[PDB]
Amino acid sequence: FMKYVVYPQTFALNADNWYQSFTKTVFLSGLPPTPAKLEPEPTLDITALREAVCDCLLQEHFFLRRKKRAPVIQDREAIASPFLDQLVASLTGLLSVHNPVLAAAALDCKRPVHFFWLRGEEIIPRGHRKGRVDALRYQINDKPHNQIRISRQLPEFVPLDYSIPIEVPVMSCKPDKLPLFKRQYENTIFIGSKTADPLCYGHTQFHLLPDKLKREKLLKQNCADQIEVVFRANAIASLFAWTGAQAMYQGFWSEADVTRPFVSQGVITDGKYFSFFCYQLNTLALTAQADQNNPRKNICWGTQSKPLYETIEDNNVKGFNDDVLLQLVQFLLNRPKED
Amino acid sequence: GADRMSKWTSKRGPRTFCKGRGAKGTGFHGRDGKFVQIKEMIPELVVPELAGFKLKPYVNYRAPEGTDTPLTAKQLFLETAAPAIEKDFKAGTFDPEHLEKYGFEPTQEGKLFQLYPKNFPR
Amino acid sequence: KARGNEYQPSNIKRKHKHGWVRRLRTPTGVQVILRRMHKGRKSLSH
Amino acid sequence: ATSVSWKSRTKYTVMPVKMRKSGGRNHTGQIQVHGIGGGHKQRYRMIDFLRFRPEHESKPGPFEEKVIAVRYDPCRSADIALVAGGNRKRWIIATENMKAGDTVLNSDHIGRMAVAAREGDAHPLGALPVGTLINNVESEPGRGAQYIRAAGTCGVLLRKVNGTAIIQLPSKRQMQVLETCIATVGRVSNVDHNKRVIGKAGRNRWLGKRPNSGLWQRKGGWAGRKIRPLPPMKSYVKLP
Amino acid sequence: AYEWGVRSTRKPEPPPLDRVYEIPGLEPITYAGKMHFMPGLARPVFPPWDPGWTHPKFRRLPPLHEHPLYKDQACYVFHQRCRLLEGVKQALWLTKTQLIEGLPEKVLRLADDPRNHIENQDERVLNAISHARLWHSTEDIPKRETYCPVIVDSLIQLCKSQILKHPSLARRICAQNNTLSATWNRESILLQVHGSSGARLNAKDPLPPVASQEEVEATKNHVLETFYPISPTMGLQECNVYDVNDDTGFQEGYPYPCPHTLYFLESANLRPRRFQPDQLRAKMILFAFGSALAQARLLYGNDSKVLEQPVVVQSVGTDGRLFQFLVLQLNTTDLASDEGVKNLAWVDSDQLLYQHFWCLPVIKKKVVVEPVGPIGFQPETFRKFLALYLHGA
Amino acid sequence: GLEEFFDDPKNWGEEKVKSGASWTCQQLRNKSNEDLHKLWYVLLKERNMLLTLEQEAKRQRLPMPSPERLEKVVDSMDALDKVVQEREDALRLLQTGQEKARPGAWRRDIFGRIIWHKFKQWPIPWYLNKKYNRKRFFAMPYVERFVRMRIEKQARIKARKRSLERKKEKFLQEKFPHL
RNA sequence: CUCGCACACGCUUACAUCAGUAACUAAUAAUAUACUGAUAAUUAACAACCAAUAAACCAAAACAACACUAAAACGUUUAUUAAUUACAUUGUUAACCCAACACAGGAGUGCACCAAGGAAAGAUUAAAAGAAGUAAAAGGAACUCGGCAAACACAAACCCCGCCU
RNA sequence: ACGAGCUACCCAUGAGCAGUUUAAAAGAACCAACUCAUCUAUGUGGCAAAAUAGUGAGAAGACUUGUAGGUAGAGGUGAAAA
RNA sequence: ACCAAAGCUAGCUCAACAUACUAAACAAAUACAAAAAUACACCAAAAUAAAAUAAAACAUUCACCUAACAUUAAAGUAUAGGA
Ligand SMILES: [Mg+2]
Ligand SMILES: [Mg+2]
Ligand SMILES: [Mg+2]
Ligand SMILES: [Mg+2]
Ligand SMILES: [Mg+2]
Ligand SMILES: [Mg+2]
Ligand SMILES: [Mg+2]
Ligand SMILES: [Mg+2]
Ligand SMILES: [Mg+2]
Ligand SMILES: [Mg+2]
Ligand SMILES: [Mg+2]
Ligand SMILES: [Mg+2]
Ligand SMILES: [Mg+2]
Ligand SMILES: [Mg+2]
Ligand SMILES: [Mg+2]
Ligand SMILES: [Mg+2]
Ligand SMILES: [Mg+2]
Ligand SMILES: [Mg+2]
Ligand SMILES: [Mg+2]
Ligand SMILES: [Mg+2]
Ligand SMILES: [Mg+2]
Ligand SMILES: [Mg+2]
Ligand SMILES: [Mg+2]
Ligand SMILES: [Mg+2]
Ligand SMILES: [Mg+2]
Ligand SMILES: [Mg+2]
Ligand SMILES: [Mg+2]
Ligand SMILES: [Mg+2]
Ligand SMILES: [Mg+2]
Ligand SMILES: [Mg+2]
Ligand SMILES: [Mg+2]
Ligand SMILES: [Mg+2]
Ligand SMILES: [Mg+2]
Ligand SMILES: [Mg+2]
Ligand SMILES: [Mg+2]
Ligand SMILES: [Mg+2]
Ligand SMILES: [Mg+2]
Ligand SMILES: [Mg+2]
Ligand SMILES: [Mg+2]
Ligand SMILES: [Mg+2]
Ligand SMILES: [Mg+2]
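Residue numbers (this note's numbering), protein chains in the order written: chain A, 1 to 339; chain B, 1 to 122; chain C, 1 to 46; chain D, 1 to 240; chain E, 1 to 393; chain F, 1 to 179.
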C-alpha cells in the first residue's frame, strides 16, 4: 500500500523536527557521553594523517587533471565525490593499523539503504474508503556515499531504558504540508546488503551533500538557519533507516521490539564542511498499537557543522582543523566489545 | 463523445501534454537537463520609497474635478519644444537640420526604451 | 460480440484526426472550417 | 500519407544497421506486392558489391585482403564474409569454401598469361581461363556486382571475342560484357540452401511470408507447359 | 559503384529558379516586400544570413581546420573504447614489445608464500564473489554493470586489509578518470594513446625492474610478427586535431608520482558492447605502455634512448568472472626503428575466478539439485591478484 | 510587512468604513511621472488589501464592509493607466509618428477574412523561420464563394434590422398620435 | 460473501467541509459518493518538458558458462563547439472510463489472495405453472432425430471426410 | 466531403505466458492466468441492439495484448465467408 | 372541481431605395494537440461538371442547371433534332 517517501536530503524548511516526529527521535546537541573506559590507544600520528588527508584534498582540487569543463562552475559534487571516496579508503587502512576490525570490514560505495515502517493512524479523508482508519506508512530509499559494515555489533552509548527530560516534537499538520508525497511501490528493508551476508552491522556512514543544498545556494534563498537543519535531517533519516534495517535483520520488529540498543555513526559533508552524528535506535515499535504504553525513545547526537580546510590555493591547503580529523578518528576507532 | 466546447488545457491531456497557463519563460534547458534561469529575463520590480511622501489612494470629496482635456501630441509640443524653438528663432540661431537640442530623436535604435517597436512592458 | 462501445477515447487520436491544425493543412479541411463559420457554429473544430 | 524509406544512410559501415520492413506497401500506403509481412526483426549488413575498390586513390595497384569471419545473413540467401585490408573492413559475399583466417586477392590487372584461379579471387573477365566458374558479375565496368549473387549459384565464362567476354547466367541465358569487368571466381556460399526443408507453415511466417489467398481462380491459357527456344543473348556492349 | 544514399531521402534540390531571374537587366518582383509567401509573385533569393553579433550556441559548427591545434599529419589515437582487430599482435607491434606466457617469477614467489594469504582466504573470497554477484543488490539477479566494479573493488579491499602486516601499502593512493596523453612516433606512423582508464592505483615509490639482463638481450634478437594484409593502425582513430605533449594525469610535484596498477573493467550488459578477451588484453597493453612512457619521458626527457632504468607498470582486467593479468617493463624510448631492444610484457590470460554462478536454486523434478552460489572456485586467480597488489612490498 | 494586506485593526468589525472619491483623470494629468509611479504603488497595496477583505468576507458568509471602495480604487488605477498611456502615445507620435505601439500589418488569412495581424519578436529573420513560413496569408480561389456568402448574410441581417426599426416607429405613431 | 491497492489511458470537480432536502437525482425509502446551496481544495523529490557533428566498435536476449536459428529492442568512449546565472513551466481531487441508465457487458500494466474490499433477503405467506439445485425404491437408454441433458461413470473399438497446429 | 478511436491487414514501439511433464520453449503433452466461443439451458422491450450459468477448445505460438502511425468507397482489406 | 383554456407581443416575410459589399470587437493569446512570448527554412498546385430525369424501354439527344445585358416586338418564326 500507499506510503510517504522520506528523502534524507531535503529542501523542505524544517525537516529535522518533522523527521524526528516520523521516527520518534530525540535530538541532543554535542557528541554522546565519552566512554572513559578507553585504553591508552592514541599513539596516533597526527602528521601522517594530516599528510594522508591533504594528499586527497590536493589530488582532487589541484593535481588531477579532468577533461576540461566548459562550465568552469566546478560542480562541488564532481569535485568532492572522489575526494570523499579517497578520504574513506585512505583513513580506513591507516587507522586499520590500530583498529584490526577495519581489516575485516566491507566498504560500500554508493549502494542503497532501504527502510520501511509504520507510524501513527489516520482517518482517511477522501475516496470510497473515506472515514475508515489506516496507519501512516513511510519509506526511506537512501544512497550513502560510503559505508563500513562489520561482523559484530558496536557498543551502546547509553543503556536501553536511558531517559531524557526532552520530548519528541509533535507536529500539528499532515506530513503533506512539509511537503511530502505519497506513492506506492515495493516496500524494502535493506541494509546495504542482503540477509545472507555475514556482515550484519553498521559502523559509520558517509553522506556527501547534493548540489541543491550548498551553503551558498541556501544563503541566496534567505535561509540562514537551514544550513544546519539540512545536516540534521539527513542524519536523522539515514542513520535511523540504517539502524532500523540492521535491527530487522536480527529478527526484531514492531511486536518483537528490541532487546539490545542498535547503534551507528555518520558523517555528513559538503566537501568543505563536516558534521558528526551518532544514532541509537531503541524502539522499533512506532506502530499505533505498539506505541501506546511504550516509554522508550530513539536518540540522536550531533555536532555543529564545521570546516575541514580553509581555501585551498595552488597545491597548498591553507587553513586546517585537526579537531575535525580527531573526531573522524574517534568514529573510526570504535570497536565491538571483546569476549 | 468527448468534449468539444470546454477549453483545451494541460489538465486534460496525457502525460506528454504540458501547456503553460501563460506565464512567461524565465530561462532555457541546460546541459545536465537541469533548467537554467537567466537573471535578465526575470522581471525586476522597480519600487520607489513611499514612506516620505503624501498622497493617498482616495481623494477628498469637496476637492474639485476639472475640465477634461485629453493630452494631444500638439499640447505636448507646445509645452516643451515651442518655448525653446521660438526662443532660438527669435535669436536667429534656429537650425532646421539638427533639432536634437529641443528633444527630437531622429532614430530609436540607440536608446534603452524605444517608443515604436516598444522595448519595455510597463 | 457485443457492440456500441465503438468509441475508445484518446486525446491524441482526437486532436490528430479532427483538430484545428489537421483541418487547416488540406484545402478540403479549410472548406470544412469555412462551412462551419458560415453556419455560425460555436466550435469550428475539436 | 507519406512514409520515408529506411534506406537512407550515407557512410559505409560494417556494423549492422537497423531497418524497417514494410509488408508489400508502397510509400502511399497501398499494397503493391501481396503476401509480405511480419517476419522476425532484422538488422541489415551493408555489402560492398564492387569487389575491386582501392582503399586510397593514391595507390591504384591490385590489393589483397584477409578474411576474418564468415557469418550468416538474414537478408540474403548466401553466407557473407567479413574482409579486412589496410585500415578498412567490408562485407563481401562469401564463396563456397571461404573460411576464417584466409587470404583473398582483388585485382584489376589483365595479362597475356591469364591466371590460376583460387576461390576468393576477383579478376577482370578477360584475365580468366575460358572454362572458369564466376559469381558477382558486373555488367558495365565500374558499376558493381548485380548478377549471380544468390546462394550456391555459379555462372560460367563461355568465351572471349573482340576484347569482350561472353558468360552463361544461372538461368542458362548468355550475357555479353566487356572483358574489363570484374567477377569473383567460384560458387557462392551455402550450396545446400536448395535442399532446406521448411517444416511447418509457422516457419514460413518467420520468413515474413503471409499465406496465399483463399480465392479460387480457374487456370487460364497462360497455364500449361510452354517450350520456348532460349532467348537471344543480352549484350551490354555499346557499339559505336 | 553503388552509392549509399537514396534520392527520396536526400534533402530536396532547390526549386528551379523563377524564369524572371533569367532575363538580363530586369528587376523581378517578389513577395519579399510583404514578408510572406504569395502565389503570383516570384520567389525571392536571400543572402546567407549574418547576425552581426555571434551567438555561442546557435552558430554553425566551426570547420575543423580553423582550430589552433589543427595539423596536416594524420595521427592515430588509441582511446579507452577502441577495439584492435588483431589484439595482442597489433598491441605488441605498436608498442615494440615481446610477449611471455606466465607472470614474472618474482610475483609468483610473492603469490605462493603461505605468509601472504589473508585470514581465511577461501571463506573471504567466496564471500566477495557471492556478495558482488548476489547480495549487493535488492534485485534477484544483478546486472554486470553493477557487479563488475563491485567485485574488483571487493578484491581490492581484501588485499588492502594486508596493510597491517606489510605497512608499506599506505604509500599508495587510488585515482579515477585521469587524462592520459602519450604521443610517440613509430615507423613513420604517428601514434597517441589518449584518454581515460577507469581506475589507477598510484604509488609513492617506483617498482623494481622484473627482468634479468639475459631477458633484455634475448629481446634484442626477437623478430616482431607481422600481419600482412592488415595495417597495424587498424582499429584506431584517424585524427587531424591533437596535441603532442607528454601528459600523465597529474601536474608537477605530485606526491604519488609512480603508476602502479591500471584496472580495466568491462561493464556492459550486452555481449557486443564488451571486449573480446583478446581485445581487452590489447587495450591494457597499450594503456600500460602509455602510462609508462609518460613517466619515462618525465624522469629522463623527450630524447629517444634505451633505458638504463626500466619502468614497470601493471594492469588487470575483467568480465567480472574472468581476469586478465599483465605486467609491463618499458626498456626503450626510441620506437622509430624496428631493430633495437624491445620492451617486455608478461600476460597471464583467461584466468577464471569462478566457473558459473547461481542466484536461484536450480530445481529438477521438484528436488533441489544445484544450490545457490558459485560453481568451482580458483584460489589461484585471487592469489595472482594478491601478488600483483603486493608487488611493491 | 504582512499587515498591509489588512485594514487598521481599528476598522475590523465595523459595517461602514468611509472613504474618499476615486481619482479623476484630470487631477492625475497634473502630477509628474515620478508621483504617478508612486501613487501606483499606494493604490496597489490598497487594492490588494481590499481584495483580501473581499474573499474573507465571502468565507465568513458576511457582507463586505463598504464594498464601494473596491470600485473606486480600481477606477483610480484604471484612470492612472489611461493617463500614463496618453503621455506615451502622444510622445511616440512626436518621435516616430506611428499610432500603434506594436508593429502590425493588414493581411488576408486562409479564410479570406481581412485580419489585423500583430507581429511577434523572433531571433531570426522571417524567411528562415519554419513555423511562421507555414502560415498562409492569402486565400485560395474557392474561398471567394464563401466571402460572397458572408456579405450577403451580413446584408440580410442589416436589412431586416432596418425594417424592424421602421416598423416600430409606425406602431408607436398610431399608439401615441400626439402629432 | 470475496476482483483488492496503485499506475497508464480516459473522465473533468461528479471529490472535501458545513447546511438543506416539500419537489427535483437514486428505478423505493431511511439518508446522501451521486440531487440543492454555500465554503474550501491536489504544494515536487514522482512525471512531462529536458544537445548537436565527426570517430572507433563483425561478435544476441535466454540466471549466460556457451550455444541454437527465425539471426535478434536496449551505448560506451575520443574529438569539436554546447548561453552558465538560487527559486522555470506544467499533471497531482474522486466512489471516475466505453456501453442512451448509479447497465450481471467491454477495458492495459505492477503487486497482492487479505491485513484489503463487500451484502444474496423492503415485510410476509409457503397455492399452481416457470427457473436453479440436492436426493431417490426396482430397472438401467426401454427416452430420443440423436445417451440431447444429467451421472457414484470420466473407458475401450470401427468407419467417412480432412494429413497435422 | 467526412470516416481505419469498431473491425480487416500492415508499420513502428512496448508488455505478458505461472505450475507439471520432457535430452527439448518440439506450430509435442497436462493444466491456470490469458485468448477464444463447442453444446445445452436460461434470457428474447432481456443484466445485454448477442448477455448469464454450466460445459467446452488453444494456452512459447501462424500466441495474446497496450500505445502511436498507414491504406478510403469506380476504393481499401481479405488463411474467400462475397 | 382538477387537468386545462384565453390573450399580443417577440420578431419575421416580401419588395423599394441606397451607398457601393466580408458587421461588431481586439489588451494579451491564437495555424505545437488553434488560443502555449523566444531558433537556420523550404514552399506550394491545376484536368470539360455528372447523373437522377424526359423520350412512356434505352443506347444519339433531354430546356433551367452558380458563366452579367435588361425591356417591347420580330417568334415559338429561320433553323436544330434516334428530323
Ligand atoms: Mg459531441
Ligand atoms: Mg496532461
Ligand atoms: Mg492522466
Ligand atoms: Mg530549478
Ligand atoms: Mg454509436
Ligand atoms: Mg529478406
Ligand atoms: Mg541466409
Ligand atoms: Mg502457393
Ligand atoms: Mg486455392
Ligand atoms: Mg461523461
Ligand atoms: Mg459533494
Ligand atoms: Mg426518491
Ligand atoms: Mg489519486
Ligand atoms: Mg423482494
Ligand atoms: Mg413450484
Ligand atoms: Mg426441478
Ligand atoms: Mg443427483
Ligand atoms: Mg433410481
Ligand atoms: Mg430406441
Ligand atoms: Mg420409442
Ligand atoms: Mg453431453
Ligand atoms: Mg461416455
Ligand atoms: Mg463411457
Ligand atoms: Mg482439418
Ligand atoms: Mg487502429
Ligand atoms: Mg509455462
Ligand atoms: Mg502445445
Ligand atoms: Mg461461458
Ligand atoms: Mg448443471
Ligand atoms: Mg472455463
Ligand atoms: Mg486443453
Ligand atoms: Mg490438444
Ligand atoms: Mg490511423
Ligand atoms: Mg455500376
Ligand atoms: Mg474491391
Ligand atoms: Mg466460396
Ligand atoms: Mg426514360
Ligand atoms: Mg411516367
Ligand atoms: Mg427504366
Ligand atoms: Mg444535364
Ligand atoms: Mg441530320
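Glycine included, every Cβ here is placed at the ideal spot set by N, Cα and C.
Item: Would D/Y12 count as contacting chain E if we go by Cβ distances under 9 Å?; Value: yes
Item: Is any beta-carbon of chain F found at less than 9 Å from that of B/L112?; Value: no
Item: Let me make sure I understand the geometry here. Which of F/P123, F/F6, F/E4 and F/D7 has the alpha-carbon closest to that of E/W53?; Value: F/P123
Item: Output the boundary residues of the beta strand (DSSP E) element that contains A/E310.; Value: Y309 to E313
Item: Quick one: is F/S76 buried, meaning 16 or more other Cβ sit within 10 Å of its Cβ, or exposed?; Value: buried
Item: Quick one, which of B/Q75, B/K90, B/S6 and B/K87 has its alpha-carbon nearest residue 180 of chain F's?; Value: Past the edges of chain F, shown from 1 to 179, lies residue 180 of chain F, and the structure says nothing about it.
Item: Within 9 Å (strictly less), CB to CB, does E/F227 reach chain D?; Value: yes
Item: Let me know the secondary structure DSSP gives A/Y138 once reduced to three states.; Value: strand
Item: Go ahead and label A/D142 buried or exposed: buried means 16 or more other beta carbons lie within 10 angstroms of its beta carbon, across all protein chains shown.; Value: buried
Item: Contact criterion: CB-CB distance below 9 Å. Does F/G20 meet it with respect to chain B?; Value: yes
Item: Nearest to B/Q37 by alpha carbon, out of B/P43, B/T26 and B/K7?; Value: B/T26
Item: Does the CB of E/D247 have a neighbour CB from chain A at under 9 Å?; Value: yes
Item: Check each candidate in A/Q86, A/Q221, A/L13 and A/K217 and name the one with the smallest Cα separation from E/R172.; Value: A/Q86
Item: Taking the continuous alpha helix (DSSP H) assigned at E/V125, which residues delimit it?; Value: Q121 to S130
Item: Could you tell me which residues DSSP puts in a beta bridge with A/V317?; Value: A/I312
Item: Starting from the N-terminal side, write out each stretch of the beta strand (DSSP E) that is 3 residues or longer and does not extend beyond the stretch 171 to 198 of chain D.; Value: 174 to 178 and 182 to 185
Item: Under the rule that 16 or more other beta-carbon atoms within 10 Å means buried, what is A/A48, buried or exposed?; Value: exposed
Item: Provide the residue(s) that pair with E/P374 in DSSP beta bridges, ordered along the chain.; Value: E/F357
Item: Could you check whether the Cβ of B/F17 sits closer than 8 Å to any heavy atom belonging to ligand 2?; Value: yes
Item: How many Å lie between D/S22 and D/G37 at the Cα?; Value: 7 Å
Item: So what does DSSP say about B/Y102, is it helix, strand or coil?; Value: helix
Item: Rounded to a whole number of angstroms, what is the C-alpha to C-alpha distance between F/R29 and F/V83?; Value: 7 Å
Item: Are E/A345 and E/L360 close, meaning C-beta to C-beta below 9 Å?; Value: no
Item: Following the continuous beta strand (DSSP E) through A/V26, name the residue where it begins and the one where it ends.; Value: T25 to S29
Item: Under the three-state reduction of DSSP, which class applies to A/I79: helix, strand or coil?; Value: helix
Item: Which residues, in order along the stretch 40 to 70 of chain D, keep a beta-carbon less than 7 Å from a beta-carbon of chain E?; Value: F49, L50, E64, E65 and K66
Item: Note down, in chain order, every chain E residue with its Cβ under 7 Å from the Cβ of residue 186 of chain F.; Value: The structure shown does not extend to residue 186 of chain F, since chain F is modelled only from 1 through 179, so no value can be given for it.
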